[PDB]
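Below you'll find the structure, written out as structure tokens, and then a few comments.
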Amino acid sequence: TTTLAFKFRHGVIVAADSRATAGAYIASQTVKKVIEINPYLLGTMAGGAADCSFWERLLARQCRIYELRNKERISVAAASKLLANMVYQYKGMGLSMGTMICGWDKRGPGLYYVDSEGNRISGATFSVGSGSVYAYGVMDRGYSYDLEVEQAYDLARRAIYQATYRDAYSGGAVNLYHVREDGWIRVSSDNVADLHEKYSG
Amino acid sequence: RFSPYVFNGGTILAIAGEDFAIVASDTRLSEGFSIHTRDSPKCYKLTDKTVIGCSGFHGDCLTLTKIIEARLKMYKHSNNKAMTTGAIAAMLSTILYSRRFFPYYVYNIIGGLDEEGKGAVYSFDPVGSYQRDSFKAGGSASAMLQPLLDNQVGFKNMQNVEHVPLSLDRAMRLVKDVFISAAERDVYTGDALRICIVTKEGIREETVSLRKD
Amino acid sequence: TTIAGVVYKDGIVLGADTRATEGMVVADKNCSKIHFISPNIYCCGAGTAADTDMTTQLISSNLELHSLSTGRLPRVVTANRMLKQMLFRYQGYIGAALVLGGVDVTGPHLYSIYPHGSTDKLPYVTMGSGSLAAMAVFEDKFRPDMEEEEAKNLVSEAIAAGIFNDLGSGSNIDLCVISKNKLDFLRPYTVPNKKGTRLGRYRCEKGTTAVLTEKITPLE
Amino acid sequence: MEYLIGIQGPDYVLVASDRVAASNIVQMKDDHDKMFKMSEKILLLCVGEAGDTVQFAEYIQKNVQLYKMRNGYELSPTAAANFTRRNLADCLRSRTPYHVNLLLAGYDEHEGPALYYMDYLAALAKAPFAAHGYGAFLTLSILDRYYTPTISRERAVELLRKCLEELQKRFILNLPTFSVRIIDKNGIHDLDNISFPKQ
Amino acid sequence: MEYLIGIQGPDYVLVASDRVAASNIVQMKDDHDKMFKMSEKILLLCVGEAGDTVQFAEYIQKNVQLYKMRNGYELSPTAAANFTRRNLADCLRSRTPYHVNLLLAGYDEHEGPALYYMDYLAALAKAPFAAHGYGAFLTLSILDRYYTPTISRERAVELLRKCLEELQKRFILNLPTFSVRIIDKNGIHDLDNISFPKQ
Amino acid sequence: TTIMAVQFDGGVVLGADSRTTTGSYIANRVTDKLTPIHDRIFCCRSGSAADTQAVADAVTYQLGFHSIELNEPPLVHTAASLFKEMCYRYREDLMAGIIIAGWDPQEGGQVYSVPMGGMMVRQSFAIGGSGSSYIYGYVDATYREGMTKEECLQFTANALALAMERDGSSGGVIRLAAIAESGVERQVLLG
Amino acid sequence: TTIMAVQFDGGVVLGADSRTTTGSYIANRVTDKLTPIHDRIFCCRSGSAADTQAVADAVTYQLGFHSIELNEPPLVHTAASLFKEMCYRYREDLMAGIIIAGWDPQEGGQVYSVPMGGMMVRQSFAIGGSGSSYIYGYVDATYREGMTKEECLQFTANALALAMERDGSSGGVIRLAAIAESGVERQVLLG
Amino acid sequence: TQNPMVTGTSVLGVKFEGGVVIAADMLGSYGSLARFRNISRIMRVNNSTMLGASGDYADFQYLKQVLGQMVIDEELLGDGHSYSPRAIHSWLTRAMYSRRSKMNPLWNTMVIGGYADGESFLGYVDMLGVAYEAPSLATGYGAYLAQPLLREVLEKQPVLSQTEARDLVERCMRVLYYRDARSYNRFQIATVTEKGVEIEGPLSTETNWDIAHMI
Amino acid sequence: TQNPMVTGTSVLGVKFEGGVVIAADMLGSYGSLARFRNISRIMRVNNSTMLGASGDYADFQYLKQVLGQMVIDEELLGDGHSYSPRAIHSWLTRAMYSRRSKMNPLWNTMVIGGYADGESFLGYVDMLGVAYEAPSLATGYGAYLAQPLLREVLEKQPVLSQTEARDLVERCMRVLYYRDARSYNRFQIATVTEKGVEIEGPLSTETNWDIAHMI
Amino acid sequence: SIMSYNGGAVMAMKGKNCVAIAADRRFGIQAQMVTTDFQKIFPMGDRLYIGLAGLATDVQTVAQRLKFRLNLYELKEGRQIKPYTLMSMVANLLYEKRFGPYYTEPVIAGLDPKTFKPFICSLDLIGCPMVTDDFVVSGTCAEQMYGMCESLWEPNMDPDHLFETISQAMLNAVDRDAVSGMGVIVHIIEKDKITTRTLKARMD
């Protein structure tokens, strides 16, 4: 399990792997981890499948209620706040949840990081999972704000390839989503072995 | 002391075809180092296009089956139409999370047809996630069956092997071969096989024996 | 694992089932559980396999040594005394569930050994995990001084019931018959469970797998 | 874990937290803000279990703003400090306790400046200078060597400069950048961001 | 806790440890040396329970020097690595176990350079680059991104510069100064001490 | 399990059930629970099995070697002292309910008892085993000082009968042993 | 501790020791272990003391109120059902060895037993208490169907005599109770 | 109930041609002490179905009470409709599951035998709610001991007579008397047909001990 | 011994003018079951000193054996020299301390009474090695129950006669029979003087129960 | 588990006149890999290899100890070693640590020194041998390789289909496995020659 997100001049990049093991045994290879909340929100899956899926579905329900009551699209910080308040009411009972929230705002780009430990914080770069440190390393090599589009594509794709190359609990297809001002857009779904042939030399 | 769970075992298979969903399961129900019976089918026919399988702890399987049947009748008797497949999957996910903090110790596989009339296999976990995949093997003999389905259905890890769409009788010989080969090495598998096939014309069942040990 | 023993009108008929499980997965379909001790005394093991194996090979070595030093046929009670003294000397740490049977000058003598060191002389014993079904068949249909084929049918029936109960074996129940003069030993006795025939053909082709680095090394 | 100094002056209070939001291996965020402007002359800092810090900030910050809209005026720092202590003491003996470590910094028109000091066991204190974490230990000796009750603000900034220069010398954690506020007869003035290149 | 890096080249091995000897709150010593010159072309590094490091240095260093005085020539890196692995594997299953995490850097006249890699469970490895710690995680992502088997030594120094500059960016511990060695056809040449002013 | 020894004027009379169980399953239905050591001295065992078997074999060794070296028939108190030493030395590891009885030429019939601890005492009658508490309930009611052989046989017969009837672990079949100056008399009863 | 109830043709006969102990010290030397509830129905208790006292008081409350509301003499099986309900619904915290006996006009003398679990059974004789196992050893030996009153008194006298003699916790003094159609006859024996 | 005080032991039941025979013994052991040697462990439900159980006897008294009240209520409806044995099986399964979901299990092991409307029925209910149908049931240690005899003869002969079933039950109870430590030589046979429900008396066994004369 | 199997109970001893009286009962209870109701718990050592003990009876048999052999050895020296009771006290104290230092204690509670060379002696030895002299000793629950009667009369009268001591011992053993659960109505009195060592027979108590006629 | 500390999977498969043994390449601590060139299949004489899986410490330690005893045997007797002899030797070496056990599951695959008869066997962590005719497996993943080899094995196999069968089995059972991966090494030996091939496995 390794996800990342980083915002820059042209919006937000979100990428993830698709391997979801069970202990020492891999369940599937094509687990779509980036949960599509809205046509303007993207949630992820970071520790636990059921908790992330359920609570993001409940947050999507709540956001749709908010929009249908105010005729005005929700902000990003409000969604992260609602998620943190709903998650906090079962603290200590054994919820594992480390998801990320991405979207476009009235302010523009918005990037928050909500834990089951409740560490709701803003920021510019984040990475969750067991092999997240590998993504931090190669990303904070290649990070800037003034990057191009295909450069950011190459950064995220190389990052997830290096992460799945070193970590054992990560793998499968590399999804790649791109958040714009109007709405998010899926870029590509790339396999590991294709990246190994392409980037091995 | 009193332990609330026990491992009953079992093996449930599903294969999503172009226009068919085959669900098969052994009918051995055991406990520890004994045999309780040699007839207990994990499959259940909900609607004309939906078959659910439930393995793991048996009492939770019975309770969950009856609650799902009740809610099926609630949707039908409220809204003049049957549920879809994904609606039943979503509802089951809501149920499995609605007892999150006292979980069902149950693996679940729902096969069936969608509204386009195509096959769809919805897997599960004990806590309540799901996803639309092409093939799953649940229970104790999961690992004895997943790589062979990766070899045959997915045509994975092969070279110069083209992709043929999976026909019906080929899938039948696949299911028979994988249950014989898995019943050779497992201790929680055998004595019968109840194969359920969902087509655009109804539900078929089929009883194929196995080895008697 | 379901081993059994019995005493007919002359000697001893032993049986076994050869599914050597490792945890929850069948690891073996053919495991010789009937071990050698002497030309007249044999032994069966249950529970931890390597403990039974090493112990029975040590005791068979000691009895071969003693018999070649003496110059005549061994006695079963000496084997019993060595086994109970060894297993008490290990204080019940080693789990070795043994059935001891042989025919001396005095005749047939059957002993079962529990891994702490408790031994019993019995006309019929069952040991193992599924020993209860074979003990059911024994307690239903045993009578003293049976004949040969009668005793063989009884032990086969008992281990067959153990196979129709849980954790038996796929195997074709092993038997061994010891008399005053004639020793017999029969591995493929009766096969109830034939493997299902393949329905197709999951045969690979010459090149369906990508190869990165080859090597050839000739020999003599 | 980390650190916040709380230097009281004759007519000012010098608070300075860090900007670190690490989680157990990596430093996830290096521009974090733990500063919660309650009113025009009352500050608050917070360190503890980091899911409880924000919820405390919600409760206290918004209830003080509620008090301000209710009556017509700002609380004293003392009553606000006691209200926080009261809410800790009520929230402790329950099924849902809070494990946070506070200190309060205010300024009255009549009482002038005031410094308080909480704990995870709801203890009030009227302190000349407080701290929290492990840098607390090293830094209060350094501050207590060179302390004067009638000390000027540039001496306090220089003293804090010295205190940080001895914080980057024998401490195990990183702590690269510290943000610094000040309170005066006017209000909350943010001073410049205080970092050091170490070597 | 910390990490000492060991980058292998075509005809050189680039090792670099730290100089930190901290104990659980404070950094007691900022010029510590973990570098143990076994022979004229064989180095040794050590990280673990810091009472075991010195006794390993005594045992391995002096017994290799004893071999050197006995026969007539310098050990291979391979036999030295196996000898260390053997003494770990023998001392493990006793009432007195050792808990250290090693890696070995040597140079043969025929085999050229060689890098090995231990663990506290006596496992050999022949690595292009290996690691331990938390710096394991961070330094191995950057290094496995930017590796070339035919890489020159100044590129390796620049790569190590970049990797350290990303070590001082998202780490919780301090790590102020790193010392750097190199091994060639001549011997052990010490490069300059590598520290950074951060901000 | 339930073992019993009653002396009388001429000699002693022993008795036991068999039914060696492990947990709730009977491993063996009929057992020689009482053990000859010398030709005139018995011991009957309870508790764990391997402990008492190994102790009885070593006592048989030492007592046979000692009584051959004396070239005289052994004493009963001698065997009781040997069991006392071996029980007491490994009380940390053994579980012996050894009861010694046997006729002697110098001292007649004697009954010694060694419980799980390792003490040694002379009694006129003894109980032993987990299902012995009940006939220990009425052995001070029905017993009469100075019985004959047949009164001891009928007494222990009723005793072991009720012990086998009441306790779940006890049961099986009744074994008796009669030791006197004349001979050793073993028999298998049911009723 | 050791409590016992035996019926005969006309009525029933009860009996108990006293010796309420705590650990190894006797807190109280003489105790009414059997308790009147109605004028014709007794109960004798074991296990913990306060539990059985509170249960017997609440049963006395409900049974007295119900039997006054019937304006008829109560049944014994009714009181057995009441003890069954209060023991079984809230087991888990209680340790009750309640034994119910008493004469009835419709059904004569009856004896019911409620052990620590909460089951209910009718018996012709009953034991109870921690030192009751021994006389439970021979209560199936000495008993004869169809005794008289004096035979039951002598029977329970021998019973409680051996129970007080053997068990360490049992002892104290002998209390008896004779319930028939005529009256309730209680007595205290010593030595 | 967390800790069962007074347990029963194994219960045997098997169908035959137009009937189900069930036999269980009459022992109320507490620990190892056979304290209650005359108790009834089979309830003859109204006219079709019939119950036998294991485990804690007090819980069986409780379910006897509750089931008796329910049967009395339906018989007082006067509609001519009764409970099928499978309905009783379903209610009992739901009852046990709702007990154990609240972490307060009923320590039992129950067998439901019934013959109604041409078809026999033999149902099982565990403490954990595991419940199924079978042509021959065996509880406790009976599933280890007398189960392979049942499964041997039913494989050897798929249909039965009433006499063969009763004889096989007699032999299995003899075997359970041979090597169960918690067993007793007194049992009662209960039988349902279309002619009603019949409880036979306290039968016993005929034993053999001729292996004891060997050494 | 980690777990004492067969324990005794309280031992009483008190000096008087030229002698020491010791009395203990004759019960061998195991748990609560009074399994060995006729045993001897006082050893009469050679001619001056005398031993009585509590705790594990087997360990008392062991120390009986060892002390008997040592006294036999010194009497076979033929030098005219014996063990003083204080020497026996010292040896036993060192034995228990070296026993418990190896973390394998002897579960006992021993009383040594002796009269040699005009002076009486009454020593105490605990399992832990705690050892002292006293004009009156009381072990087990006797230190809780019969100790204040001893300390009352020794405060009320510092010297005693043999008759007063014997009557007081009888009263204390009566009291111990009244309210010790591990007690028994059979005891033996042992007495040393200058005339030798004497063990009296199995005496009993005279009890009262006139409070039972109250409610 | 302790068996799942460093991962590992070793497969050996008996063919018609030849025998094929294969293993994985990954080495690493519990979740962090280090290298892809860790050796687990060692040469013990001619036309006979051994495979070791489990804790790598016991792998190299038992391999060097066995090489010690093997060379002592082959120098005391000029002949080469029979495989049953080697099996008994490994059993004795493992059973010497009855209560100090190694954490390894050795797999022996070799040919006959006189004839061309193949041989496979496997042992347990205390020295329990097991000779079969089709295949033996060891390591962390078991049920995967059992399902694959019980799906794909044929009795009479030319060495090419043997190579492809063990290739497909190892690739699919390793790709489903988590802690053991990162390449496959395959030794396919016979009377005439010795072939060692490495496959293009998924590096994920």
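Note on naming: chains are A, B, ... as they come in the structure tokens, residues start from 1 per chain, ligands start from 1 in the order shown.
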For segment 141-143 of chain A: contacts at 9 Å, only C-alpha atoms, fewer than 2 positions along chain excluded, given as a compact mmCIF listing (two decimals) with N, CA, C and O atoms, in the first residue's frame:
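Result file selection-v1.txt:
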# COMPACT_ATOMS: atom_id res chain seq x y z
N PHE A 6 0.34 15.45 -4.52
CA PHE A 6 1.03 16.72 -4.42
C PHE A 6 0.37 17.72 -5.34
O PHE A 6 -0.06 17.37 -6.45
N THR A 125 2.57 18.42 0.03
CA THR A 125 2.88 17.05 -0.35
C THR A 125 2.52 16.10 0.78
O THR A 125 2.70 16.42 1.96
N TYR A 136 8.28 9.55 -0.59
CA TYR A 136 8.77 10.82 -0.03
C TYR A 136 10.16 11.15 -0.53
O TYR A 136 10.43 12.28 -0.94
N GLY A 137 11.06 10.16 -0.53
CA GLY A 137 12.42 10.34 -1.00
C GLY A 137 12.51 10.78 -2.44
O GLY A 137 13.04 11.85 -2.74
N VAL A 138 11.95 9.97 -3.35
CA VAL A 138 12.11 10.30 -4.76
C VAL A 138 11.23 11.49 -5.16
O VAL A 138 11.58 12.26 -6.06
N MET A 139 10.11 11.71 -4.46
CA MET A 139 9.27 12.87 -4.74
C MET A 139 9.93 14.16 -4.29
O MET A 139 9.99 15.12 -5.06
N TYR A 145 7.22 23.56 -7.56
CA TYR A 145 5.88 24.09 -7.78
C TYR A 145 5.64 24.43 -9.23
O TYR A 145 4.51 24.32 -9.72
N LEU A 147 6.41 23.02 -12.03
CA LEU A 147 6.65 21.90 -12.92
C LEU A 147 5.68 21.95 -14.08
O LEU A 147 4.66 22.64 -14.05
N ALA A 152 5.24 16.28 -14.22
CA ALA A 152 4.57 15.82 -13.01
C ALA A 152 4.06 14.39 -13.18
O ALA A 152 4.07 13.61 -12.22
N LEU A 155 7.02 12.27 -12.72
CA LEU A 155 7.40 12.26 -11.31
C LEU A 155 6.57 11.27 -10.52
O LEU A 155 7.12 10.42 -9.82
N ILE E 142 16.33 7.47 -2.89
CA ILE E 142 17.16 8.36 -3.70
C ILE E 142 18.29 7.61 -4.41
O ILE E 142 18.54 7.82 -5.61
N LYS E 162 23.65 15.16 -2.63
CA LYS E 162 22.22 15.32 -2.87
C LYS E 162 21.39 14.48 -1.90
O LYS E 162 20.36 14.94 -1.39
N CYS E 163 21.86 13.27 -1.61
CA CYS E 163 21.13 12.37 -0.74
C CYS E 163 21.11 12.88 0.69
O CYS E 163 20.08 12.83 1.37
N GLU E 166 18.77 15.78 1.03
CA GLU E 166 17.42 15.27 1.24
C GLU E 166 17.27 14.46 2.52
O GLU E 166 16.15 14.12 2.90
What parts of segment 43-204 of chain H does DSSP call alpha helix (DSSP H)? I'd like the answer as a PyMOL selection string.
chain H and resi 57-75+85-101+142-145+147-156+162-179
Taking only residues of chain B that have an atom at most 8 Å from an atom of chain A, what is each one's shortest atom pair and its distance in Å to one decimal, using only C-alpha atoms, in chain and number order, as a tab-separated table?
residue	atom	partner	partner_atom	distance
B:94	CA	A:54	CA	7.9
B:97	CA	A:50	CA	7.3
B:127	CA	A:50	CA	6.0
B:128	CA	A:50	CA	5.2
B:129	CA	A:50	CA	4.7
B:131	CA	A:31	CA	7.5
Just-selected residues, N, CA, C and O atoms written as a PDB file, in the first residue's frame:
ATOM      1  N   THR B  94     -23.120  -2.473   3.587  1.00  0.00           N
ATOM      2  CA  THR B  94     -23.668  -1.692   4.694  1.00  0.00           C
ATOM      3  C   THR B  94     -23.972  -2.573   5.893  1.00  0.00           C
ATOM      4  O   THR B  94     -23.795  -2.149   7.034  1.00  0.00           O
ATOM      5  N   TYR B  97     -20.657  -3.637   7.545  1.00  0.00           N
ATOM      6  CA  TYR B  97     -20.110  -2.597   8.393  1.00  0.00           C
ATOM      7  C   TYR B  97     -21.050  -2.283   9.551  1.00  0.00           C
ATOM      8  O   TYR B  97     -20.604  -1.788  10.585  1.00  0.00           O
ATOM      9  N   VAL B 127     -15.281  -7.519   6.699  1.00  0.00           N
ATOM     10  CA  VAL B 127     -15.654  -6.251   7.298  1.00  0.00           C
ATOM     11  C   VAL B 127     -16.504  -5.361   6.392  1.00  0.00           C
ATOM     12  O   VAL B 127     -17.130  -4.419   6.903  1.00  0.00           O
ATOM     13  N   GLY B 128     -16.565  -5.615   5.087  1.00  0.00           N
ATOM     14  CA  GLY B 128     -17.534  -4.884   4.285  1.00  0.00           C
ATOM     15  C   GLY B 128     -17.092  -4.041   3.101  1.00  0.00           C
ATOM     16  O   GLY B 128     -17.748  -3.047   2.781  1.00  0.00           O
ATOM     17  N   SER B 129     -15.991  -4.393   2.457  1.00  0.00           N
ATOM     18  CA  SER B 129     -15.620  -3.806   1.179  1.00  0.00           C
ATOM     19  C   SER B 129     -15.991  -4.753   0.049  1.00  0.00           C
ATOM     20  O   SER B 129     -16.175  -5.955   0.254  1.00  0.00           O
ATOM     21  N   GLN B 131     -15.830  -5.124  -4.636  1.00  0.00           N
ATOM     22  CA  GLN B 131     -15.263  -4.694  -5.902  1.00  0.00           C
ATOM     23  C   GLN B 131     -15.720  -5.680  -6.958  1.00  0.00           C
ATOM     24  O   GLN B 131     -15.977  -6.851  -6.672  1.00  0.00           O
TER      25      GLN B 131
END
So how many Å separate atom CA of residue 180 of chain G and atom CA of residue 102 of chain G, to one decimal?
8.1 Å
If we count only C-alpha atoms and set the cut-off at 12 Å, which residues sit around residue 193 of chain I, ignoring sequence neighbours fewer than 2 positions away in its own chain? Please answer as a PyMOL selection string.
chain I and resi 15-22+47-50+113-121+161-162+190-191+195-199
Close residues, residue 157 of chain D itself excluded, 12 Å, only C-alpha atoms, min 5 positions apart in chain, as a list in words:
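Near neighbours after the sequence-gap exclusion: residues 5, 7, 9, 12, 13, 14, 15, 16, 143, 151, 152, 162, 163, 164, 180, 181, 182, 191, 192, 193 and 194 of chain D.
Contacts from chain J to chain E at a cut-off of 12 Å (only C-alpha atoms) map to residues 5, 6, 26, 27, 28, 29, 31, 32, 33, 34, 35, 36, 37, 38, 39, 55, 56, 57, 58, 59, 60, 61, 62, 64, 65, 97, 100, 101 and 102 of chain J.
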Would you write out those residues with N, CA, C and O atoms, as a short mmCIF file (atom, residue, chain, number, x, y, z; two decimals), in the first residue's frame?
data_model
loop_
_atom_site.label_atom_id
_atom_site.label_comp_id
_atom_site.auth_asym_id
_atom_site.auth_seq_id
_atom_site.Cartn_x
_atom_site.Cartn_y
_atom_site.Cartn_z
N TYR J 5 10.11 -14.56 8.15
CA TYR J 5 10.95 -13.42 8.48
C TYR J 5 11.67 -12.90 7.24
O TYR J 5 11.74 -11.68 7.03
N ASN J 6 12.22 -13.80 6.43
CA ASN J 6 12.91 -13.41 5.21
C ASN J 6 12.25 -13.97 3.96
O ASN J 6 12.81 -13.85 2.87
N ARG J 26 14.53 -13.25 -4.05
CA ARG J 26 14.41 -12.11 -3.14
C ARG J 26 15.11 -12.38 -1.81
O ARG J 26 15.00 -13.47 -1.24
N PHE J 27 15.84 -11.38 -1.32
CA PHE J 27 16.34 -11.39 0.04
C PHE J 27 15.95 -10.08 0.70
O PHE J 27 16.13 -9.01 0.11
N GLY J 28 15.45 -10.16 1.92
CA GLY J 28 15.17 -8.95 2.66
C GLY J 28 14.63 -9.25 4.04
O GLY J 28 14.27 -10.39 4.36
N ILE J 29 14.57 -8.20 4.84
CA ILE J 29 13.97 -8.23 6.17
C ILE J 29 12.48 -8.09 5.93
O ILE J 29 12.08 -7.72 4.82
N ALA J 31 9.58 -6.75 5.66
CA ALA J 31 8.91 -6.10 4.55
C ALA J 31 9.86 -5.34 3.64
O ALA J 31 9.44 -4.91 2.56
N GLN J 32 11.12 -5.17 4.03
CA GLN J 32 12.06 -4.40 3.25
C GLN J 32 13.02 -5.36 2.57
O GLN J 32 13.80 -6.04 3.23
N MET J 33 12.98 -5.39 1.24
CA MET J 33 13.92 -6.20 0.50
C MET J 33 15.27 -5.50 0.40
O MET J 33 15.41 -4.30 0.65
N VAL J 34 16.29 -6.28 0.03
CA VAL J 34 17.63 -5.73 -0.08
C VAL J 34 18.19 -6.04 -1.46
O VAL J 34 18.59 -5.14 -2.20
N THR J 35 18.21 -7.32 -1.82
CA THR J 35 18.84 -7.75 -3.06
C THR J 35 18.04 -8.84 -3.74
O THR J 35 17.14 -9.45 -3.15
N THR J 36 18.38 -9.06 -5.01
CA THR J 36 17.74 -10.05 -5.86
C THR J 36 18.68 -11.17 -6.29
O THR J 36 18.38 -11.87 -7.26
N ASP J 37 19.82 -11.33 -5.65
CA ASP J 37 20.79 -12.33 -6.10
C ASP J 37 21.27 -13.19 -4.95
O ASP J 37 22.43 -13.59 -4.87
N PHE J 38 20.36 -13.49 -4.03
CA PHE J 38 20.67 -14.33 -2.89
C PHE J 38 20.56 -15.80 -3.26
O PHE J 38 19.56 -16.22 -3.85
N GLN J 39 21.58 -16.58 -2.93
CA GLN J 39 21.67 -17.95 -3.40
C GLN J 39 21.03 -18.89 -2.39
O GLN J 39 21.33 -18.80 -1.19
N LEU J 55 14.75 -19.07 7.54
CA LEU J 55 15.68 -18.06 8.01
C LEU J 55 17.03 -18.21 7.33
O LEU J 55 17.58 -19.32 7.28
N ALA J 56 17.57 -17.10 6.82
CA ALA J 56 18.73 -17.16 5.94
C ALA J 56 19.98 -17.55 6.72
O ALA J 56 20.93 -18.09 6.15
N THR J 57 19.96 -17.24 8.02
CA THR J 57 21.04 -17.61 8.93
C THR J 57 21.21 -19.12 8.95
O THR J 57 22.31 -19.64 8.76
N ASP J 58 20.10 -19.83 9.17
CA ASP J 58 20.16 -21.28 9.18
C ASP J 58 20.42 -21.82 7.79
O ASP J 58 21.05 -22.87 7.68
N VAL J 59 20.05 -21.08 6.74
CA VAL J 59 20.34 -21.51 5.38
C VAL J 59 21.85 -21.57 5.15
O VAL J 59 22.40 -22.63 4.84
N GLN J 60 22.55 -20.46 5.38
CA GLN J 60 23.99 -20.47 5.15
C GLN J 60 24.74 -21.30 6.18
O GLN J 60 25.72 -21.97 5.82
N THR J 61 24.28 -21.33 7.43
CA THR J 61 24.96 -22.09 8.47
C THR J 61 24.86 -23.59 8.22
O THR J 61 25.87 -24.30 8.23
N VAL J 62 23.64 -24.07 7.96
CA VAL J 62 23.43 -25.48 7.67
C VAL J 62 24.07 -25.86 6.34
O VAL J 62 24.59 -26.97 6.21
N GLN J 64 26.90 -24.58 5.07
CA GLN J 64 28.33 -24.73 5.28
C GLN J 64 28.65 -25.94 6.15
O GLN J 64 29.64 -26.64 5.92
N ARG J 65 27.79 -26.22 7.14
CA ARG J 65 27.96 -27.39 8.00
C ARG J 65 27.81 -28.67 7.19
O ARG J 65 28.56 -29.64 7.36
N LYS J 97 19.86 -30.82 16.79
CA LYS J 97 19.19 -29.69 17.43
C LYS J 97 17.71 -29.99 17.54
O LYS J 97 16.86 -29.41 16.87
N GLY J 100 17.03 -27.17 20.06
CA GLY J 100 17.64 -25.93 19.64
C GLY J 100 17.47 -25.65 18.16
O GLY J 100 18.44 -25.34 17.46
N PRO J 101 16.24 -25.78 17.65
CA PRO J 101 16.06 -26.14 16.24
C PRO J 101 16.43 -25.02 15.27
O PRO J 101 16.24 -23.83 15.55
N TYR J 102 16.98 -25.42 14.13
CA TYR J 102 17.10 -24.50 13.02
C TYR J 102 15.71 -24.21 12.45
O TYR J 102 14.78 -24.99 12.60
#
Sorted per-residue table, chain C near chain H, closest atoms and distance, 12 Å, only C-alpha atoms, as a tab-separated table:
residue	atom	partner	partner_atom	distance
C:7	CA	H:211	CA	11.6
C:108	CA	H:215	CA	11.9
C:109	CA	H:215	CA	10.0
C:110	CA	H:215	CA	10.8
C:111	CA	H:215	CA	11.7
C:120	CA	H:215	CA	10.0
C:121	CA	H:215	CA	7.2
C:122	CA	H:215	CA	7.9
C:123	CA	H:211	CA	7.4
C:124	CA	H:211	CA	9.6
C:129	CA	H:144	CA	10.5
C:130	CA	H:144	CA	8.4
C:131	CA	H:144	CA	9.4
C:132	CA	H:145	CA	5.9
C:133	CA	H:145	CA	6.0
C:134	CA	H:148	CA	9.0
C:135	CA	H:145	CA	8.1
C:136	CA	H:145	CA	5.9
C:137	CA	H:149	CA	7.6
C:138	CA	H:175	CA	10.1
C:139	CA	H:175	CA	6.7
C:140	CA	H:175	CA	7.0
C:141	CA	H:171	CA	10.6
C:142	CA	H:211	CA	9.8
C:143	CA	H:211	CA	8.7
C:144	CA	H:211	CA	7.5
C:145	CA	H:211	CA	10.8
C:157	CA	H:152	CA	9.8
C:158	CA	H:148	CA	9.8
C:159	CA	H:148	CA	11.1
C:160	CA	H:152	CA	9.7
C:161	CA	H:148	CA	6.2
C:162	CA	H:148	CA	8.0
C:163	CA	H:148	CA	9.8
C:164	CA	H:148	CA	7.4
C:165	CA	H:148	CA	6.6
C:166	CA	H:144	CA	9.5
